[PDB]
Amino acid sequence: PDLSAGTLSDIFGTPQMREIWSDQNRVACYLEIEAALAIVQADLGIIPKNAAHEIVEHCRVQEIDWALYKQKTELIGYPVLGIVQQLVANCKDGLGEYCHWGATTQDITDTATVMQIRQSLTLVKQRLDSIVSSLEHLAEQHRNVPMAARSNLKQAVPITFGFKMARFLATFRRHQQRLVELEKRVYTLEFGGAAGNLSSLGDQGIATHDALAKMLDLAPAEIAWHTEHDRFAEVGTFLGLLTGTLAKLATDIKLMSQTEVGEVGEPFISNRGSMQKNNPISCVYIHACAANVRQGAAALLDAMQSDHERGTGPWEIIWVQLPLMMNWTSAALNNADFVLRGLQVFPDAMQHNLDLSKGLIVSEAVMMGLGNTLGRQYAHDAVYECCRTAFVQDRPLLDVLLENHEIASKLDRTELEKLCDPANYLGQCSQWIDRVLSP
């Protein structure tokens, strides 16, 4: 088990995920399943015990002739019996004729794919843990930094940057719970034979299935699921849900990185953004990866139409989309991880953007305050008419408020500036942040 990369293979993928879904790890998973099967069937008394040992001793990927395997896969049409043929030829005294006993190739591919998935989700759980940790730090560190919230790409009312990070944090917490829920279904053995009923094992296939299952630390199956692809498809839809949030994160960050906005920046790495333009390339890659995974999810839903006891086409969609969606997702997870660990935050630009409306962004605040001293009704009417006068003449809301003599007589400039200061109107952002950090 040792170590193939093109120009972009580590841009839209990761080295780790590529290895999990490599031909070598796949065939290794195959050989692990075959070895465990032999051992299981030996204890049960189905196959000789000396044969099991010899099989296990040749269940090693390093002994695989790859060019021969490729050719035999293309001729046979499926990717297992080529490995079986070599396993049989590698065993001495014909003891290889006891491997693959009662198994069909989709038993090996489905169970391999579950093993590869479990390895894959270990990396995703790690990426998620780190992303969550960064968001926890970011929510606290930036708990009290004011900025303009945006609705339909227009300024709404002030919030804090840590508030925005708390909302991402709550989402990734949900994704984590979704992940652990699907694991109990997905981490399941597939061993049913040609038709799912293990006809060639007699009264023994279900003892074999139950023993093979926890030999490989997998849940026993209720019943065969060769054309019941809901375990594989829900992994795909989870990847779609997770990358969706990654894509929102990328959208918000690249939007806050605009020359005209300048409120955040990806972590500085010398000459990475390609004067000094630092393009949000991590956001760029996340976006493209999310787009490809969401369509790959639709392909895996499509794949669930596998007919009868082996799909004539739909099953084979999983061979292609699953590795790709894993690799794309890991690239997006890697990039968001990197961005959130060293994210630059520019409070002075957030402050400058808050001051663009010259107090109109806190029109409500002024109203609320002036209410007790002027009257709910006059407060509404006066602020609304003052806010609209400031809009047409490009003036501070304060300056127009001060031309209302009843307002000027009731409040001194100093009180009115605190009402006209966007930084004084954050509602309960910090208490909301606290509610997310609390668990």
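When you see a residue number, it is the position in the sequence shown, counting from 1.
J.: Could you bin the unmodelled part of the deposited chain lying between residue 258 and residue 259 as none, 1 to 3, 4 to 9, or 10 or more?
T.: Gap between residue 258 and residue 259: none, chain continuous.
J.: Taking residue 275 and residue 276 as adjacent modelled residues, how many residues of the deposited sequence between them have no coordinates (none, 1 to 3, 4 to 9, 10 or more)?
T.: The entry leaves 1 to 3 residues without coordinates here.
J.: Mean C-alpha B-factor higher for 154 to 162, or for 199 to 207?
T.: Per the deposited B-factors, the answer is 199 to 207.
J.: Going by the B-factors listed in the PDB entry, is the mean over the C-alpha atoms higher for 222 to 230 or for 288 to 296?
T.: On average, C-alpha B-factors are higher across 222 to 230.
J.: Maximum C-alpha temperature factor per the entry, among 235, 241, 135, 368, belongs to which one?
T.: Among 235, 241, 135, 368, the highest C-alpha B-factor in the entry belongs to 368.
J.: What third of its chain, lowest, middle or highest, does the C-alpha temperature factor of residue 268 fall into?
T.: Highest third - that is where residue 268 ends up once the chain's C-alpha B-factors are sorted.
J.: Please say which third, lowest, middle or highest, residue 177 falls into when its CA temperature factor is compared across its chain.
T.: Middle third, going by the recorded CA B-factors of the chain.
J.: Against its chain's modelled residues, does residue 19's Cα B factor rank lowest, middle or highest third?
T.: Answer is middle: the recorded C-alpha B-factor places it there.
J.: Would you check the entry's CA temperature factor for residue 146 and let me know if it's in the chain's lowest, middle or highest third?
T.: Middle third of the chain for residue 146's C-alpha B-factor.
J.: Taking the C-alpha B-factors as the PDB entry records them, is residue 93 in the lowest, middle or highest third of its chain?
T.: Top third by C-alpha B-factor.
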